[PDB]
$ cat work28.pdb   # PDB, C-alpha atoms and all ligand atoms
ATOM      1  CA  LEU Q   1       2.102  21.716  -9.296  1.00  0.00           C
ATOM      2  CA  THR Q   2       1.952  18.091  -8.091  1.00  0.00           C
ATOM      3  CA  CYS Q   3       2.843  14.684  -9.513  1.00  0.00           C
ATOM      4  CA  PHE Q   4      -0.210  12.739 -10.746  1.00  0.00           C
ATOM      5  CA  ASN Q   5       1.723   9.440 -10.349  1.00  0.00           C
ATOM      6  CA  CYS Q   6       3.893   9.209  -7.192  1.00  0.00           C
ATOM      7  CA  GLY Q   7       1.937  12.004  -5.422  1.00  0.00           C
ATOM      8  CA  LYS Q   8       4.932  14.224  -4.548  1.00  0.00           C
ATOM      9  CA  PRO Q   9       4.664  18.026  -5.039  1.00  0.00           C
ATOM     10  CA  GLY Q  10       7.168  20.234  -6.891  1.00  0.00           C
ATOM     11  CA  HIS Q  11       6.837  18.341 -10.205  1.00  0.00           C
ATOM     12  CA  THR Q  12       4.471  16.598 -12.609  1.00  0.00           C
ATOM     13  CA  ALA Q  13       3.952  12.941 -13.641  1.00  0.00           C
ATOM     14  CA  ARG Q  14       5.292  14.005 -17.064  1.00  0.00           C
ATOM     15  CA  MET Q  15       8.664  14.642 -15.422  1.00  0.00           C
ATOM     16  CA  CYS Q  16       8.443  11.789 -12.885  1.00  0.00           C
ATOM     17  CA  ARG Q  17      10.521   8.664 -13.586  1.00  0.00           C
ATOM     18  CA  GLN Q  18       8.973   6.830 -10.580  1.00  0.00           C
ATOM     19  CA  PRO Q  19       6.146   4.269 -10.997  1.00  0.00           C
ATOM     20  CA  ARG Q  20       2.572   4.946  -9.836  1.00  0.00           C
ATOM     21  CA  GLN Q  21       1.327   4.769  -6.252  1.00  0.00           C
ATOM     22  CA  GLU Q  22      -0.969   2.013  -4.965  1.00  0.00           C
ATOM     23  CA  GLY Q  23      -4.070   4.205  -4.714  1.00  0.00           C
ATOM     24  CA  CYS Q  24      -5.125   7.732  -3.732  1.00  0.00           C
ATOM     25  CA  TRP Q  25      -1.946   9.514  -2.800  1.00  0.00           C
ATOM     26  CA  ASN Q  26      -4.239  12.560  -2.564  1.00  0.00           C
ATOM     27  CA  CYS Q  27      -6.753  11.240  -0.047  1.00  0.00           C
ATOM     28  CA  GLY Q  28      -5.208   7.895   0.992  1.00  0.00           C
ATOM     29  CA  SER Q  29      -7.719   5.253  -0.162  1.00  0.00           C
ATOM     30  CA  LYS Q  30      -6.058   2.103  -1.469  1.00  0.00           C
ATOM     31  CA  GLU Q  31      -9.135   0.823  -3.341  1.00  0.00           C
ATOM     32  CA  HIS Q  32      -9.214   3.929  -5.539  1.00  0.00           C
ATOM     33  CA  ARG Q  33      -6.568   6.192  -7.084  1.00  0.00           C
ATOM     34  CA  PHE Q  34      -6.074   9.983  -7.153  1.00  0.00           C
ATOM     35  CA  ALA Q  35      -7.538  10.126 -10.685  1.00  0.00           C
ATOM     36  CA  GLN Q  36     -10.552   8.149  -9.360  1.00  0.00           C
ATOM     37  CA  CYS Q  37     -11.058  10.202  -6.188  1.00  0.00           C
ATOM     38  CA  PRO Q  38     -13.661  13.044  -6.229  1.00  0.00           C
ATOM     39  CA  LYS Q  39     -10.929  15.158  -4.551  1.00  0.00           C
TER      40      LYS Q  39
HETATM   41 ZN    ZN V   1       6.434  12.011  -9.106  1.00  0.00          ZN
HETATM   42 ZN    ZN V   2      -9.253   9.587  -2.666  1.00  0.00          ZN
END
$ encode --input "work28.pdb" --output "structure tokens"
Amino acid sequence: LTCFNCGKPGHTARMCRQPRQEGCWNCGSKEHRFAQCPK
């Protein structure tokens, strides 16, 4: 259970009102996003 938008656990992007993160909230790259990242 983790937000695929802001990158905070305990919810889902479905539920999240917040706008997306810059890049990989998961791994930390700015160039790519979480959805892009192999991880
Ligand atoms: Zn969120
Ligand atoms: Zn990444």
$ closest_atom_pairs --input "work28.pdb" --of "chain Q" --to "ligand ZN 1 (chain V)" --cutoff "10 Å" --atoms "only C-alpha atoms and all ligand atoms" --output "Markdown table"
| residue | atom | partner | partner_atom | distance |
| --- | --- | --- | --- | --- |
| Q:2 | CA | V:ZN1 | ZN | 7.6 |
| Q:3 | CA | V:ZN1 | ZN | 4.5 |
| Q:4 | CA | V:ZN1 | ZN | 6.9 |
| Q:5 | CA | V:ZN1 | ZN | 5.5 |
| Q:6 | CA | V:ZN1 | ZN | 4.2 |
| Q:7 | CA | V:ZN1 | ZN | 5.8 |
| Q:8 | CA | V:ZN1 | ZN | 5.3 |
| Q:9 | CA | V:ZN1 | ZN | 7.5 |
| Q:10 | CA | V:ZN1 | ZN | 8.5 |
| Q:11 | CA | V:ZN1 | ZN | 6.4 |
| Q:12 | CA | V:ZN1 | ZN | 6.1 |
| Q:13 | CA | V:ZN1 | ZN | 5.3 |
| Q:14 | CA | V:ZN1 | ZN | 8.3 |
| Q:15 | CA | V:ZN1 | ZN | 7.2 |
| Q:16 | CA | V:ZN1 | ZN | 4.3 |
| Q:17 | CA | V:ZN1 | ZN | 6.9 |
| Q:18 | CA | V:ZN1 | ZN | 6.0 |
| Q:19 | CA | V:ZN1 | ZN | 8.0 |
| Q:20 | CA | V:ZN1 | ZN | 8.1 |
| Q:21 | CA | V:ZN1 | ZN | 9.3 |
$ atom_distance --input "work28.pdb" --atom1 "atom CA of residue Q:1" --atom2 "atom CA of residue Q:22"
20.4 Å
$ residues_near_ligand --input "work28.pdb" --ligand "ligand ZN 2 (chain V)" --cutoff "6 Å" --atoms "all atoms listed in the file" --output "number ranges by chain"
Q: 24, 26-29, 34, 37
$ decode --input "work28.pdb" --residues "stretch 5-38 of chain Q" --atoms "N, CA, C and O atoms" --output "mmCIF file, in the first residue's frame"
data_model
loop_
_atom_site.group_PDB
_atom_site.id
_atom_site.type_symbol
_atom_site.label_atom_id
_atom_site.label_comp_id
_atom_site.auth_asym_id
_atom_site.auth_seq_id
_atom_site.Cartn_x
_atom_site.Cartn_y
_atom_site.Cartn_z
ATOM 1 N N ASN Q 5 1.938 8.461 -6.755
ATOM 2 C CA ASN Q 5 1.852 9.852 -7.173
ATOM 3 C C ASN Q 5 2.821 10.687 -6.333
ATOM 4 O O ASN Q 5 3.849 11.127 -6.846
ATOM 5 N N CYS Q 6 2.503 10.889 -5.047
ATOM 6 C CA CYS Q 6 3.297 11.672 -4.118
ATOM 7 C C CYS Q 6 4.395 10.825 -3.462
ATOM 8 O O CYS Q 6 5.383 11.375 -2.983
ATOM 9 N N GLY Q 7 4.227 9.494 -3.444
ATOM 10 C CA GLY Q 7 5.230 8.561 -2.951
ATOM 11 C C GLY Q 7 5.185 8.339 -1.444
ATOM 12 O O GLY Q 7 6.168 7.868 -0.875
ATOM 13 N N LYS Q 8 4.057 8.657 -0.797
ATOM 14 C CA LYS Q 8 3.866 8.446 0.625
ATOM 15 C C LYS Q 8 3.112 7.129 0.838
ATOM 16 O O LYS Q 8 2.147 6.863 0.119
ATOM 17 N N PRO Q 9 3.513 6.311 1.823
ATOM 18 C CA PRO Q 9 2.835 5.069 2.139
ATOM 19 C C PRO Q 9 1.528 5.333 2.889
ATOM 20 O O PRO Q 9 1.238 6.462 3.288
ATOM 21 N N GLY Q 10 0.744 4.268 3.081
ATOM 22 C CA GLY Q 10 -0.483 4.298 3.864
ATOM 23 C C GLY Q 10 -1.706 4.692 3.038
ATOM 24 O O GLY Q 10 -2.804 4.769 3.583
ATOM 25 N N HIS Q 11 -1.529 4.931 1.733
ATOM 26 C CA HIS Q 11 -2.619 5.207 0.817
ATOM 27 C C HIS Q 11 -2.195 4.875 -0.602
ATOM 28 O O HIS Q 11 -1.143 4.285 -0.839
ATOM 29 N N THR Q 12 -3.067 5.265 -1.528
ATOM 30 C CA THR Q 12 -2.941 5.035 -2.962
ATOM 31 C C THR Q 12 -3.169 6.350 -3.710
ATOM 32 O O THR Q 12 -3.881 7.226 -3.223
ATOM 33 N N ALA Q 13 -2.578 6.484 -4.903
ATOM 34 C CA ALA Q 13 -2.754 7.648 -5.765
ATOM 35 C C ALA Q 13 -4.221 7.939 -6.071
ATOM 36 O O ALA Q 13 -4.593 9.096 -6.251
ATOM 37 N N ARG Q 14 -5.045 6.888 -6.098
ATOM 38 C CA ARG Q 14 -6.488 6.974 -6.264
ATOM 39 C C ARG Q 14 -7.090 7.934 -5.243
ATOM 40 O O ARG Q 14 -7.934 8.766 -5.565
ATOM 41 N N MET Q 15 -6.644 7.767 -3.998
ATOM 42 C CA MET Q 15 -7.107 8.491 -2.831
ATOM 43 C C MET Q 15 -6.422 9.853 -2.705
ATOM 44 O O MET Q 15 -7.010 10.795 -2.179
ATOM 45 N N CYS Q 16 -5.172 9.943 -3.170
ATOM 46 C CA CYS Q 16 -4.337 11.121 -3.026
ATOM 47 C C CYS Q 16 -4.859 12.317 -3.818
ATOM 48 O O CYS Q 16 -5.078 12.230 -5.025
ATOM 49 N N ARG Q 17 -5.018 13.443 -3.117
ATOM 50 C CA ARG Q 17 -5.397 14.728 -3.685
ATOM 51 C C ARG Q 17 -4.165 15.457 -4.235
ATOM 52 O O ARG Q 17 -4.279 16.237 -5.178
ATOM 53 N N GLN Q 18 -2.993 15.212 -3.632
ATOM 54 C CA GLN Q 18 -1.734 15.869 -3.952
ATOM 55 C C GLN Q 18 -1.356 15.639 -5.420
ATOM 56 O O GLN Q 18 -1.766 14.644 -6.018
ATOM 57 N N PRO Q 19 -0.540 16.531 -5.992
ATOM 58 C CA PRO Q 19 -0.018 16.425 -7.338
ATOM 59 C C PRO Q 19 1.204 15.504 -7.328
ATOM 60 O O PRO Q 19 1.738 15.184 -6.265
ATOM 61 N N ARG Q 20 1.629 15.049 -8.511
ATOM 62 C CA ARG Q 20 2.727 14.121 -8.655
ATOM 63 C C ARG Q 20 4.053 14.713 -8.188
ATOM 64 O O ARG Q 20 4.230 15.928 -8.118
ATOM 65 N N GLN Q 21 4.991 13.809 -7.901
ATOM 66 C CA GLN Q 21 6.360 14.131 -7.546
ATOM 67 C C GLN Q 21 7.116 14.427 -8.845
ATOM 68 O O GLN Q 21 6.657 14.113 -9.944
ATOM 69 N N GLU Q 22 8.285 15.040 -8.704
ATOM 70 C CA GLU Q 22 9.216 15.384 -9.736
ATOM 71 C C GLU Q 22 9.594 14.158 -10.563
ATOM 72 O O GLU Q 22 9.416 14.138 -11.779
ATOM 73 N N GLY Q 23 10.130 13.149 -9.875
ATOM 74 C CA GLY Q 23 10.654 11.939 -10.473
ATOM 75 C C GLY Q 23 10.431 10.748 -9.548
ATOM 76 O O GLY Q 23 9.385 10.638 -8.908
ATOM 77 N N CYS Q 24 11.399 9.829 -9.525
ATOM 78 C CA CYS Q 24 11.307 8.585 -8.786
ATOM 79 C C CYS Q 24 11.291 8.884 -7.311
ATOM 80 O O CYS Q 24 12.319 9.190 -6.725
ATOM 81 N N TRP Q 25 10.111 8.816 -6.716
ATOM 82 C CA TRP Q 25 9.980 8.942 -5.284
ATOM 83 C C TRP Q 25 10.466 7.639 -4.648
ATOM 84 O O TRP Q 25 10.836 7.608 -3.476
ATOM 85 N N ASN Q 26 10.456 6.568 -5.449
ATOM 86 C CA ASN Q 26 10.794 5.216 -5.065
ATOM 87 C C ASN Q 26 12.296 5.078 -4.913
ATOM 88 O O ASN Q 26 12.757 4.573 -3.892
ATOM 89 N N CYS Q 27 13.045 5.515 -5.931
ATOM 90 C CA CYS Q 27 14.477 5.341 -5.966
ATOM 91 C C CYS Q 27 15.195 6.680 -5.863
ATOM 92 O O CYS Q 27 16.317 6.703 -5.360
ATOM 93 N N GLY Q 28 14.572 7.779 -6.321
ATOM 94 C CA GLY Q 28 15.170 9.103 -6.110
ATOM 95 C C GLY Q 28 15.692 9.812 -7.353
ATOM 96 O O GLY Q 28 16.051 10.984 -7.259
ATOM 97 N N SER Q 29 15.746 9.139 -8.509
ATOM 98 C CA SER Q 29 16.129 9.786 -9.747
ATOM 99 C C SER Q 29 15.116 10.874 -10.056
ATOM 100 O O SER Q 29 13.932 10.722 -9.788
ATOM 101 N N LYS Q 30 15.598 11.965 -10.627
ATOM 102 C CA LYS Q 30 14.806 13.103 -11.028
ATOM 103 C C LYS Q 30 14.427 12.971 -12.504
ATOM 104 O O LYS Q 30 13.335 13.367 -12.908
ATOM 105 N N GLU Q 31 15.337 12.401 -13.298
ATOM 106 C CA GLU Q 31 15.209 12.244 -14.732
ATOM 107 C C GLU Q 31 14.015 11.354 -15.047
ATOM 108 O O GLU Q 31 13.190 11.688 -15.897
ATOM 109 N N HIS Q 32 13.938 10.230 -14.328
ATOM 110 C CA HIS Q 32 12.826 9.294 -14.411
ATOM 111 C C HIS Q 32 11.935 9.330 -13.179
ATOM 112 O O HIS Q 32 12.313 9.849 -12.133
ATOM 113 N N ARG Q 33 10.756 8.728 -13.349
ATOM 114 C CA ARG Q 33 9.671 8.600 -12.393
ATOM 115 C C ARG Q 33 9.604 7.188 -11.807
ATOM 116 O O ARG Q 33 10.272 6.270 -12.269
ATOM 117 N N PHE Q 34 8.770 7.002 -10.784
ATOM 118 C CA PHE Q 34 8.573 5.701 -10.154
ATOM 119 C C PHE Q 34 8.058 4.689 -11.179
ATOM 120 O O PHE Q 34 8.585 3.584 -11.279
ATOM 121 N N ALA Q 35 7.049 5.095 -11.953
ATOM 122 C CA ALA Q 35 6.458 4.277 -13.007
ATOM 123 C C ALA Q 35 7.489 3.866 -14.064
ATOM 124 O O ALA Q 35 7.374 2.799 -14.663
ATOM 125 N N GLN Q 36 8.493 4.719 -14.291
ATOM 126 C CA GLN Q 36 9.575 4.504 -15.239
ATOM 127 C C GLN Q 36 10.637 3.559 -14.685
ATOM 128 O O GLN Q 36 11.187 2.742 -15.421
ATOM 129 N N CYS Q 37 10.951 3.717 -13.398
ATOM 130 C CA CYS Q 37 12.017 2.994 -12.730
ATOM 131 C C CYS Q 37 11.806 1.476 -12.779
ATOM 132 O O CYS Q 37 10.684 1.020 -12.570
ATOM 133 N N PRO Q 38 12.865 0.687 -13.029
ATOM 134 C CA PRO Q 38 12.814 -0.768 -12.973
ATOM 135 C C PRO Q 38 12.303 -1.268 -11.614
ATOM 136 O O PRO Q 38 11.559 -2.245 -11.550
#
